[PDB]
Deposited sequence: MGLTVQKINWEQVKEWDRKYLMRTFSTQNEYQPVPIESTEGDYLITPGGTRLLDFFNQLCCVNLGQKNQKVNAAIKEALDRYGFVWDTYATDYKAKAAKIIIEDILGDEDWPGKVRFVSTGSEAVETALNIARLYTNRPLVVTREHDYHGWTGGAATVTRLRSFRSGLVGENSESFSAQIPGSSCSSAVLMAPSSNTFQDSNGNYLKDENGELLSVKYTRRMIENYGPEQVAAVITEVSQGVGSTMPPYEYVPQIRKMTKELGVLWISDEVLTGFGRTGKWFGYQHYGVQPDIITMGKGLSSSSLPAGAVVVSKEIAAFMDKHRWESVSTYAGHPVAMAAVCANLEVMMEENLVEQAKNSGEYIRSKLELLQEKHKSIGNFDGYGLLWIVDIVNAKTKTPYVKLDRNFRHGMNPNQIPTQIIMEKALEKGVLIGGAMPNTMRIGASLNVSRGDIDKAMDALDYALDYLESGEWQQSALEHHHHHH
């Protein structure tokens, strides 16, 4: 028996706000979830085409995963990373032996609790292995929020600072803010992508020049997102291979941050696998457990594992390897494999492409779309001017009025159809569902977006 009015009162009074001022905040309670739906206390069913934060890959509240979690709870309990469990060892084995079994670069795994912790771990490993201080990142990359992970995050809207309520006058970034260099993203220098007289993209060419300017001996790693998640982009095809090749030639590591693109999200097990290359280190979260319980991970190459194995590593994280979280990881990955959700993701993405083609034929406010599996971006433009409504685009901050932001207006309208859809960036949709989402829910969501776009293209906002 739940008093949801009291829940709302406690939520307003006792919880720190994010993205909303206390003044403007309206709690949105969710009582339960199932599949691709969120259920409100009043029983409203909301189709979630955010998939929360593109992180509930298996679907909400999967009975096999929950059954597995309950089973672990007959035995545990808690032990820290110094102790071995069946669940922890099995999860590592599934990742190296079963999912990555076709590639021979992967060596070992470290489990932590979050994607930010995974990136922190990867940054530490890369710097220790090379004995070099600098890490290269890209414009608009999001790699997490904790101190180290934030240093490689280049989105001024997502760096844990403060903005005003529909005002430009009360903004601040955190005082004090690094061993980090910002390179151009894949989406710079366009309008197609410019290459030199060698076919090398100008973003990569300049990335190479930056490393050489500092000296390769000063640079541990380039950390990337194969597709920018929060920053909401897709790369030209040759970018990922060219970065892999450039790093190899300069003797610098490449960390593929797969926290979002990992575990079937893009229609392969990992984002990088679309590109015929292999990373030195992968960071993991989100689909690692499909958010059933908090888990993150890093996978390091055999070379890197062999180096770390020769040393005593002075690093403790209390909940790293948590055996109940590991049981949840095991079950999540087993279901993913047995149901062949990767191939299902691939097929559903192809279906989504067709739906978006029709939406673009119909709606001139769709400037561009791209993606794969259950990860899509849709660039929104003024249908008249052919330019984005919000000039600062991906360099915006949240001090703007939401009623001026296209992705906000699309979200509010789509909501009238009982659909959750939109994006983090002001001019770009970021669309994701569970890997096992049904065609009918795809149709429902696309129809809702259709309805929102009519409204956007109508003015009246």
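- By the record, the deposited chain contains unmodelled runs at 1-6, 184-186, 200-202, 474-485, with no C-alpha atoms placed there.
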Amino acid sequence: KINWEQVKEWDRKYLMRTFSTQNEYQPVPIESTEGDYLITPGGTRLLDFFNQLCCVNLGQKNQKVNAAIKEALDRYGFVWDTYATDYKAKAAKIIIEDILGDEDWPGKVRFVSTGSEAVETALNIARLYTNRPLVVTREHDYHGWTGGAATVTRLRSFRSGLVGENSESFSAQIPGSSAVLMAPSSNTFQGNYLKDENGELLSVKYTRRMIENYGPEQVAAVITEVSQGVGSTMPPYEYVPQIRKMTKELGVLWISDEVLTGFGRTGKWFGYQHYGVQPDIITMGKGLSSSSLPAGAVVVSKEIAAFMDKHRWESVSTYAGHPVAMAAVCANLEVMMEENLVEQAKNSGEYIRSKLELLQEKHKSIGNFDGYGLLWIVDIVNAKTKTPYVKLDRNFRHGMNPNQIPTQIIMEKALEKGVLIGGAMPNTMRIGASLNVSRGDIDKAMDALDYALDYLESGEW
From here on, numbers count along this sequence of modelled residues.
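- If you average the C-alpha B-factors over 408-416 and over 27-35, the higher value belongs to 408-416.
- Between 361-369 and 244-252, it is 361-369 that carries the larger average Cα temperature factor according to the deposited entry.
- Taking only the listed residues 425, 435, 400, 53, the entry reports the highest CA temperature factor at 400.
- Annotation for 257, 139, 280, 238: 238 ranks highest, by Cα B-factor.
- Ranked against the other modelled residues of its chain, the C-alpha B-factor of residue 449 as given in the entry falls in the highest third.
- Residue-level temperature factors show residue 181 in the middle third of its chain, judged at the C-alpha atom.
- Among all modelled residues in its chain, residue 322 ranks in the lowest third by Cα B-factor.
- Residue 268 sits in the middle third of its chain by CA B factor, as recorded in the PDB entry.
- Remark: residue 351 belongs to the highest third of its chain, ranked by C-alpha B-factor as recorded.
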